[PDB]
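Residue-level structure breakdown
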Amino acid sequence: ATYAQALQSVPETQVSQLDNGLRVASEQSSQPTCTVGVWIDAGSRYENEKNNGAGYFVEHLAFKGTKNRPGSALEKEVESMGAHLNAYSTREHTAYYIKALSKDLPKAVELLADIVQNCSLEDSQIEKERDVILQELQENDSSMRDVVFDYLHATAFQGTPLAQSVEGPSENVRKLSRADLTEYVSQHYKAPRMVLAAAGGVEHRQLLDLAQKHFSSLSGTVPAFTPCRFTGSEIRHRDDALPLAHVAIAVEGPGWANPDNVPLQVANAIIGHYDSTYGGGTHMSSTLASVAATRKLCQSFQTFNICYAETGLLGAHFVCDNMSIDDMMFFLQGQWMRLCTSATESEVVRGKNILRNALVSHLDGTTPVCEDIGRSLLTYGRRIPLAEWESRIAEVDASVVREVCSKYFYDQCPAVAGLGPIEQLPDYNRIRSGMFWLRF
Amino acid sequence: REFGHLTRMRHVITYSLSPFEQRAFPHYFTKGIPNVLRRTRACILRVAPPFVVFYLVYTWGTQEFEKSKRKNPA
């Protein structure tokens, strides 16, 4: 095996389609366990101002009870056979996946139908979950990372559904009724926008039979979203009582398909990530990370590439003390402009290797593989095989990075969200002026 | 006295906008003119009277000089 035969030997994910539009997809393997899940194309991006937060509410109510399985009965099946049921709802996706033994695949799929098709949405359950969601919102206020990322989305996609948080405003939480949830599950859990994805030791024929036997009686065969408008701005939630100051600066990134995703990730891999409790520190080849470790500017930073269907945020988020925001912002902008102006071959090779490690290591275990299947089928319309990813990364070079970063970073108005003791944070004019070089 | 340790402010949120996405002369006359009128109305009663007094004194002194420089019938 020379890593080429290795990639070629990865089992192929068969994809089918029911009459309802259910894209049944599976990736057989040898493990005795499996992860079977349903990926919905619902999320806050598809929610108006009044309906905002209904997706999170429905996700919460999903596992409580079903019409066929009243209340804890649904729970009882999950634990009694050792399965781990879980759900996650981001801004443009929802998913319910049940990790279970390959033997129990016939049962799990049935449950996966019951959770998605025949929910309960009981009124007393709605009241209890309303209280729980309120306390969970007060929890989410605690950590600065999620708060800062929601601020970034609000100030970058202001005036668009993308600005809406996943959980929604607390006002909507109290004022969401059972009718709204029923309408949401009726008009957003439709059959065409569904991916039943399974990994592990499941054969595609059995998955197709189970889907055709349990998911057949679903929707037949509309809120198809609108292109959101990036609006470079800044939000400063100056709160000096917080210990550290979380900043996130992002530019309008690429879409989901948008082949420029492959170079940009490589470019981001050049900047990398770092925090206090790392290893080499002052020797890590990422110049920004080496500077941070040498001068102890920050307790953390990372480069994110949040990309949605038609747009996306590409940038960096760092956590540092109250009197190092300016220096680290300068060094971050310097790394960005260096990549746009002069990328150099060696850094590009390091980025290519790092991205190869990302894609390969991320796709291990049944849960990440099934998640990749669902997300790829929903976004790319296919499952990009690892060989295709390898070829696309191989095509990347110094010139490609220098051009792609230039198209997205150089002289672009960024969106900034800072929270905490952010007095040091440079004024938006200084940040914007950092995007361009008078030497270049 | 540098940015970072000037004061302690909490619970304030400021929203801004890139200069490349907003007009540099937003309603320069639709609200510029009424604002100017309010500004001058709220200050003329305190600014004008001294200068108007000076103008009266100037003109009186100048004409006093002029008609004191004439010839006296004698």
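If you check the header, you'll see the entry was determined by cryo-EM and the resolution is listed as 3.5 Å.

Here we take up the overall build of chain B. Per the secondary structure count, chain B includes one helix and one strand. On C-alpha atoms alone, chain B measures out to a radius of gyration of 27 Å, which is more than a quarter above the 11 Å that the 2.2 N^0.38 rule sets for 74 residues. For chain B, the spread of C-alpha atoms along the three principal axes comes to 85 × 35 × 20 Å. Within chain B, buried positions represent 3% of all 74 residues. As displayed, chain B offers around 7400 Å² of accessible surface, 64% of which is attributable to carbon and sulfur atoms. The positive charge centre, built from 13 side chains, and the negative charge centre, built from 4, are 8 Å apart in chain B.

Okay, the overall build of chain A next. When helices and strands are counted, chain A shows 17 helices and 12 strands. Expressed as a percentage of the 440 residues in chain A, the buried residues total 56%. For chain A, the accessible area works out to roughly 18300 Å², and carbon and sulfur atoms hold 52% of it. In chain A, 39 side chains carry a positive charge and 53 a negative one; their mean positions are 2 Å apart.

This part is about the sheet that holds strand β3 (residues 33-40) of chain A. Residue and element names in this part refer to chain A. The sheet built from six strands is open, its strands ordered β1-β2-β6-β3-β5-β4 with mixed pairing. Since the sheet does not close on itself, it has two edges, and those belong to β1 (14-15) and β4 (84-89), each with one partner. Two strands pair when backbone bridges link them, and β4 and strand β5 (residues 94-101) are joined in this way by six bridges, in the antiparallel orientation. Looking at β5, one finds that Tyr88 is bridged to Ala95.

Residue and element names in this part refer to chain A. Estimates place the volume of the largest pocket at around 1800 Å³. Along the wall of the largest pocket there are 47 residues; nearest its centre are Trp256, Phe304, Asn305, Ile306 and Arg375. Breaking the lining of the largest pocket down by element, the ones donating at least two residues are α2 (54-62), β4, α6 (144-156), α10 (261-271), β10 (298-304), α13 (345-362) and α14 (366-379). When residues in the lining of the largest pocket are grouped by element, the largest group, six residues, is from α13. For the lining of the largest pocket, the per-class residue count stands at 20 nonpolar, 16 polar and 11 charged.

Residues and elements named next belong to chain A. Among the secondary structure elements, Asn52 is positioned in the loop between β3 and α2. A distance of 3.3 Å separates the side chain of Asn52 from the backbone oxygen of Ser165, its partner in a polar contact. If we ignore the near neighbours within four places in the chain, the residues touching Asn52 are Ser44, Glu47, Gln164, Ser165, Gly168, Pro169, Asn172 and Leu176.

Moving on, we come to empty space enclosed by the protein. Residue and element names in this part refer to chain A. Counted as a void, the largest cavity has a volume near 50 Å³. Along its surface, the largest cavity is lined by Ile270, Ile271, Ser285, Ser286, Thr287, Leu288, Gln335, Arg338, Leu339, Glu347 and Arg350. Going through the elements one at a time, α10, α11 (287-295), α12 (325-341) and α13 are the ones with two or more residues in the lining of the largest cavity. Broken down by element, the lining of the largest cavity gets its largest block of residues, three residues, from α12. Residue composition of the lining of the largest cavity, grouped by class: four nonpolar, four polar and three charged. A volume near 30 Å³ is recorded for the second largest cavity. Together, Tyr3, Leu7, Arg356, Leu359, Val360, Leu386, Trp389, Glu390 and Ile393 line the second largest cavity.

Residues and elements named next belong to chain A. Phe318, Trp336 and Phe409 are the most contacted members of the largest nonpolar core, which totals 55 residues. With eight residues, the single largest contributor to this core is α12. Core analysis: the second largest hydrophobic core is formed by 51 residues, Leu18, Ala83, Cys119 and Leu210 among them.

The next point concerns the environment of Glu122(A). Residues and elements named next belong to chain A. With respect to the helices and strands, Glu122 occurs in the loop between α4 (105-116) and α5 (123-140). A relative accessible area of 48% means that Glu122 is categorised as partly exposed. Residues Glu122 and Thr66, 56 residues apart in the sequence, show an inter-C-alpha distance of 9.4 Å. A polar contact of 2.9 Å, which involves the side chain of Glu122, links it to the side chain of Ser124.

Residue-level contacts link 20 residues of chain B with 22 residues of chain A. Each partner contributes to the roughly 1700 Å² buried at the junction of chain B and chain A, and carbon and sulfur atoms together form 51% of this total. When the buried surface of chain B facing chain A is broken down by residue, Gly4(B), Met9(B) and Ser16(B) rank first, second and third, together holding 23% of it. Across the contact surface, chain B and chain A share one salt bridge. Its salt-bridge partner being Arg10(B), residue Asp239(A) comes within 2.9 Å of it at the nearest N-O pair. There are 14 residue pairs in polar contact connecting chain B and chain A. Note: strand β7 (residues 233-238) of chain A against strand β1 (residues 12-17) of chain B, six bridges, orientation antiparallel. Paired with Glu234(A) across the two strands is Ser16(B), which belongs to β1(B).

This next bit is on the packing of aromatic side chains. By the definition in use, this model includes 16 aromatic pairs over all chains. Look at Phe25(B) and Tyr28(B): their rings are 5.3 Å apart centre to centre, the planes differ by 90°, and that puts the pair in the edge-to-face class. In this pair, the class of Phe25(B) matches that of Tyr28(B), namely exposed. Three or more aromatic residues link up through ring pairs in this structure, and these residues are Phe63(A), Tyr96(A), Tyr184(A) and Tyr189(A). The aromatic ring of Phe225(A) is capped on one face by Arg45(A), whose charged end is 4.5 Å from the ring centroid.

This part takes up a nonpolar patch on the surface. Residues and elements named next belong to chain B. Side chains of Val52, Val53, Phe54, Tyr55, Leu56, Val57 and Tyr58 sit close together on the surface and give an oily, nonpolar patch of about 740 Å² of accessible area. Take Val52: it is sitting in helix α1 (residues 32-68). A relative accessible area of 44% means that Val52 is categorised as partly exposed.

Before going further, it helps to spend a moment on the sheet that holds β7(A). Reading across the sheet, the seven strands line up as β9(A)-β10(A)-β11(A)-β8(A)-β12(A)-β7(A)-β1(B) and stay open at both edges, with mixed pairing between neighbours. Two strands close off the open sheet at either side, each with one partner strand: β9 (274-275) of chain A together with β1 of chain B. Pairing geometry for strand β8 (residues 245-252) of chain A and strand β11 (residues 313-320) of chain A, over eight bridges, is antiparallel. If you follow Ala248(A) over to β11(A), its bridge partner there is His317(A).

Each value, and the rule that gives it
Residues numbered from 1 in each chain as written, not as in the entry; some residues may be left out. Chains lettered and ligands numbered in written order. Part of a larger assembly, values for the part shown. Heavy atoms only, no water. Helix = DSSP H or I, 4+ residues; strand = E, 2+ residues; numbered from the N terminus. Rg over C-alpha atoms; globule rule 2.2 N^0.38 Å. Buried < 20%, exposed > 50% of the residue type's maximum accessible area, 1.4 Å probe, protein only. Areas by Shrake-Rupley, 256 points an atom, 1.4 Å probe, with all protein chains shown as cover. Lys, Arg positive; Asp, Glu negative; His and termini not counted. Charge placed at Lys NZ, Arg CZ, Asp CG, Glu CD. Pairing = 2+ DSSP bridges. 1 Å grid on protein atoms, 1.4 Å probe; cavity = no way out; pocket = protein on both sides within 12 Å on 5 of 7 lines; lining within 4 Å. Points joined across faces, edges and corners; volume = space filled by probe spheres on them. Nonpolar A, V, L, I, M, F, W, Y, C, P; charged D, E, K, R; others polar. Polar contact = N/O pair within 3.5 Å; in protein donor to acceptor, adjacent residues only side chain to side chain. Contact = heavy atoms within 4.5 Å. Core = buried A, V, L, I, M, F, W, Y, C linked by side-chain atoms within 4.5 Å. Buried area = accessible area lost by both parts, 1.4 Å probe. Salt bridge = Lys/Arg side-chain N within 4 Å of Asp/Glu carboxyl O. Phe/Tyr/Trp six-rings, centres within 6.5 Å; stacked < 30°, edge-to-face > 60°. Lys NZ or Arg CZ within 6 Å of the ring centre and 35° of its normal. Patch = residues over 30% accessible without salt bridge, like charges linked within 9 Å, V, L, I, M, F, W, Y side chains within 5 Å.

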